[PDB]
Amino acid sequence: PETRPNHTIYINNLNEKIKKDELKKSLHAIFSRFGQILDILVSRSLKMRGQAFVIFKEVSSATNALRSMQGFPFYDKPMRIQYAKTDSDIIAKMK
RNA sequence: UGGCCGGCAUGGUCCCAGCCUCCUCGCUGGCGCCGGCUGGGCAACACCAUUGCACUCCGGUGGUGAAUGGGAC
């Protein structure tokens, strides 16, 4: 069951050998051109590694990002993007 | 030596170069042989496992079972 459009894109299949600080940096390097980014959440725990939550200010940015960067080779692996199942807190504290 | 001990071997103090290491990365650490017991930590590194939807930091295991020569007194 696919997911509905969201402010936050959920990326997975990421290179797990990349430190947290660097991944957020590089992800911002390539995703900032799609619109303002409120935050990029990354955890290297057993359950959350290889995944990231990019939080865009406007849904159109997330959408563009999702369509434009699907399968993009990043740290030698094709990035798999989806919309986040639910809003991130940063988005709730507003809209 | 991360903490502790048993055996053996070994003239000393320095000075230069090379090398080693999970646990005070270097010049007021170390770089003989052999044996047993043991603490901490996944922080770095490595290996294993993991394709996982969060907004609570949080899988596991490994290492020192290491590293040479030269010079001056």
# chains A, B, ... in the order shown; residues from 1 in each chain; ligands from 1
>>> closest_atom_pairs(of="chain A", to="chain B", cutoff="7 Å", atoms="only C-alpha atoms (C1' of nucleotides)", output="tab-separated table")
residue	atom	partner	partner_atom	distance
A:13	CA	B:51	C1'	6.0
A:46	CA	B:59	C1'	5.5
A:47	CA	B:52	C1'	5.1
A:48	CA	B:52	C1'	5.8
A:84	CA	B:53	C1'	6.6
A:85	CA	B:53	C1'	6.3
A:88	CA	B:55	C1'	6.1
A:89	CA	B:55	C1'	6.0
>>> write_last_selection(atoms="N, CA, C and O atoms", output="compact mmCIF listing (two decimals), in the first residue's frame")
# COMPACT_ATOMS: atom_id res chain seq x y z
N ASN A 13 17.93 2.42 1.75
CA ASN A 13 18.92 1.78 0.89
C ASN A 13 20.16 2.67 0.83
O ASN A 13 20.84 2.70 -0.19
N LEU A 46 20.42 0.02 14.97
CA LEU A 46 20.08 -1.21 14.22
C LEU A 46 18.81 -1.10 13.39
O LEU A 46 18.74 -1.63 12.28
N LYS A 47 17.80 -0.43 13.94
CA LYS A 47 16.52 -0.30 13.27
C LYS A 47 16.43 0.84 12.24
O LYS A 47 15.75 0.71 11.22
N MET A 48 17.13 1.95 12.51
CA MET A 48 17.09 3.11 11.63
C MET A 48 18.22 3.33 10.62
O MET A 48 18.10 4.22 9.77
N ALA A 84 7.05 10.08 3.58
CA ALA A 84 7.02 9.56 4.94
C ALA A 84 5.57 9.15 5.29
O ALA A 84 4.62 9.88 4.97
N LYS A 85 5.40 7.99 5.92
CA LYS A 85 4.08 7.50 6.32
C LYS A 85 3.27 8.53 7.09
O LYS A 85 2.06 8.54 7.00
N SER A 88 6.31 14.70 10.26
CA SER A 88 7.39 14.74 11.24
C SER A 88 6.90 15.78 12.26
O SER A 88 6.06 16.62 11.94
N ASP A 89 7.40 15.72 13.49
CA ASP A 89 6.95 16.66 14.51
C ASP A 89 7.12 18.12 14.16
O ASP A 89 6.28 18.96 14.49
>>> select_by_dssp(residues="chain A", states="helix (DSSP H, G or I)", output="MDAnalysis selection string")
chainID A and resid 20:34 59:69 89:92
>>> select_by_dssp(residues="range 5-94 of chain A", states="strand (DSSP E)", output="MDAnalysis selection string")
chainID A and resid 8:12 37:41 52:56 73:74 77:78 80:83
>>> residues_around(residues="residue 21 in chain A", least_positions_apart="6", cutoff="12 Å", atoms="only C-alpha atoms (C1' of nucleotides)", output="JSON, numbers by chain")
{"A": [27, 28, 40, 41, 42, 43, 44]}
>>> atom_distance(atom1="CA of residue 73 in chain A", atom2="CA of residue 30 in chain A")
11.4 Å
>>> residues_around(residues="residue 68 in chain A", least_positions_apart="2", cutoff="12 Å", atoms="only C-alpha atoms (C1' of nucleotides)", output="list in words")
residues 30, 31, 33, 34, 60, 61, 62, 63, 64, 65, 66, 70, 71, 72, 79, 80, 81 and 82 of chain A
>>> write_last_selection(atoms="C-alpha atoms", output="JSON list (two decimals), in the first residue's frame")
[["chain", "number", "residue", "atom", "x", "y", "z"],
["A", 30, "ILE", "CA", 21.96, 17.25, -3.26],
["A", 31, "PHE", "CA", 18.50, 17.86, -1.85],
["A", 33, "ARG", "CA", 17.91, 22.55, -4.65],
["A", 34, "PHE", "CA", 14.36, 21.21, -4.38],
["A", 60, "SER", "CA", 5.92, 20.28, -3.70],
["A", 61, "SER", "CA", 9.65, 20.19, -2.88],
["A", 62, "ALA", "CA", 9.34, 16.75, -1.31],
["A", 63, "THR", "CA", 7.38, 15.63, -4.40],
["A", 64, "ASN", "CA", 9.90, 17.07, -6.84],
["A", 65, "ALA", "CA", 12.75, 15.52, -4.86],
["A", 66, "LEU", "CA", 10.98, 12.18, -4.84],
["A", 70, "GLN", "CA", 14.62, 8.18, -7.22],
["A", 71, "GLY", "CA", 17.38, 5.64, -7.94],
["A", 72, "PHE", "CA", 20.12, 8.27, -7.74],
["A", 79, "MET", "CA", 18.81, 5.83, -3.25],
["A", 80, "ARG", "CA", 15.19, 4.66, -2.83],
["A", 81, "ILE", "CA", 12.79, 7.44, -1.97],
["A", 82, "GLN", "CA", 9.19, 7.46, -0.72]]
>>> residues_around(residues="residue 62 in chain B", least_positions_apart="2", cutoff="12 Å", atoms="only C-alpha atoms (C1' of nucleotides)", output="PDB file with N, CA, C and O atoms (P, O5', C5', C4', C3', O3' and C1' of nucleotides), in the first residue's frame")
ATOM      1  P     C B  22      45.291  -3.144  19.744  1.00  0.00           P
ATOM      2  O5'   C B  22      44.089  -2.138  20.025  1.00  0.00           O
ATOM      3  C5'   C B  22      43.563  -1.306  19.001  1.00  0.00           C
ATOM      4  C4'   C B  22      42.426  -0.495  19.555  1.00  0.00           C
ATOM      5  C3'   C B  22      42.711   0.102  20.923  1.00  0.00           C
ATOM      6  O3'   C B  22      43.384   1.348  20.794  1.00  0.00           O
ATOM      7  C1'   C B  22      40.585  -0.948  20.929  1.00  0.00           C
ATOM      8  P     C B  42      29.342   0.899  25.758  1.00  0.00           P
ATOM      9  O5'   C B  42      29.394  -0.141  24.554  1.00  0.00           O
ATOM     10  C5'   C B  42      28.962   0.238  23.253  1.00  0.00           C
ATOM     11  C4'   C B  42      30.090   0.904  22.502  1.00  0.00           C
ATOM     12  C3'   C B  42      29.792   1.263  21.051  1.00  0.00           C
ATOM     13  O3'   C B  42      30.403   2.505  20.750  1.00  0.00           O
ATOM     14  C1'   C B  42      31.677  -0.158  21.152  1.00  0.00           C
ATOM     15  P     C B  45      35.712   4.900  12.109  1.00  0.00           P
ATOM     16  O5'   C B  45      36.711   3.665  12.131  1.00  0.00           O
ATOM     17  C5'   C B  45      38.017   3.788  11.597  1.00  0.00           C
ATOM     18  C4'   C B  45      38.730   2.469  11.684  1.00  0.00           C
ATOM     19  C3'   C B  45      37.990   1.284  11.099  1.00  0.00           C
ATOM     20  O3'   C B  45      38.129   1.206   9.692  1.00  0.00           O
ATOM     21  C1'   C B  45      38.861   0.703  13.214  1.00  0.00           C
ATOM     22  P     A B  46      36.956   0.535   8.817  1.00  0.00           P
ATOM     23  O5'   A B  46      37.037  -1.009   9.200  1.00  0.00           O
ATOM     24  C5'   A B  46      38.200  -1.763   8.906  1.00  0.00           C
ATOM     25  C4'   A B  46      38.075  -3.157   9.462  1.00  0.00           C
ATOM     26  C3'   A B  46      36.818  -3.923   9.106  1.00  0.00           C
ATOM     27  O3'   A B  46      36.890  -4.506   7.817  1.00  0.00           O
ATOM     28  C1'   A B  46      37.277  -4.194  11.407  1.00  0.00           C
ATOM     29  P     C B  47      35.531  -4.891   7.052  1.00  0.00           P
ATOM     30  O5'   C B  47      34.997  -6.168   7.837  1.00  0.00           O
ATOM     31  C5'   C B  47      35.662  -7.412   7.721  1.00  0.00           C
ATOM     32  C4'   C B  47      35.114  -8.387   8.727  1.00  0.00           C
ATOM     33  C3'   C B  47      33.640  -8.711   8.601  1.00  0.00           C
ATOM     34  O3'   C B  47      33.376  -9.695   7.621  1.00  0.00           O
ATOM     35  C1'   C B  47      34.140  -8.240  10.850  1.00  0.00           C
ATOM     36  P     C B  48      31.939  -9.713   6.903  1.00  0.00           P
ATOM     37  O5'   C B  48      30.957 -10.159   8.082  1.00  0.00           O
ATOM     38  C5'   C B  48      31.038 -11.465   8.645  1.00  0.00           C
ATOM     39  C4'   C B  48      29.956 -11.663   9.679  1.00  0.00           C
ATOM     40  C3'   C B  48      28.533 -11.329   9.259  1.00  0.00           C
ATOM     41  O3'   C B  48      27.913 -12.373   8.511  1.00  0.00           O
ATOM     42  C1'   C B  48      28.969 -10.417  11.405  1.00  0.00           C
ATOM     43  P     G B  60      24.917  -4.887  21.820  1.00  0.00           P
ATOM     44  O5'   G B  60      25.644  -6.153  21.179  1.00  0.00           O
ATOM     45  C5'   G B  60      25.033  -7.433  21.258  1.00  0.00           C
ATOM     46  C4'   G B  60      25.723  -8.425  20.354  1.00  0.00           C
ATOM     47  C3'   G B  60      27.227  -8.540  20.485  1.00  0.00           C
ATOM     48  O3'   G B  60      27.622  -9.325  21.596  1.00  0.00           O
ATOM     49  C1'   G B  60      26.648  -8.442  18.198  1.00  0.00           C
ATOM     50  P     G B  65      47.142  -9.847  23.173  1.00  0.00           P
ATOM     51  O5'   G B  65      47.521 -11.310  22.661  1.00  0.00           O
ATOM     52  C5'   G B  65      48.873 -11.663  22.357  1.00  0.00           C
ATOM     53  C4'   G B  65      48.951 -12.286  20.986  1.00  0.00           C
ATOM     54  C3'   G B  65      48.589 -11.348  19.850  1.00  0.00           C
ATOM     55  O3'   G B  65      49.725 -10.667  19.315  1.00  0.00           O
ATOM     56  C1'   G B  65      47.635 -13.516  19.544  1.00  0.00           C
TER      57        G B  65
END
>>> residues_around(residues="residue 3 in chain B", least_positions_apart="6", cutoff="12 Å", atoms="only C-alpha atoms (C1' of nucleotides)", output="number ranges by chain")
B: 23, 37-40
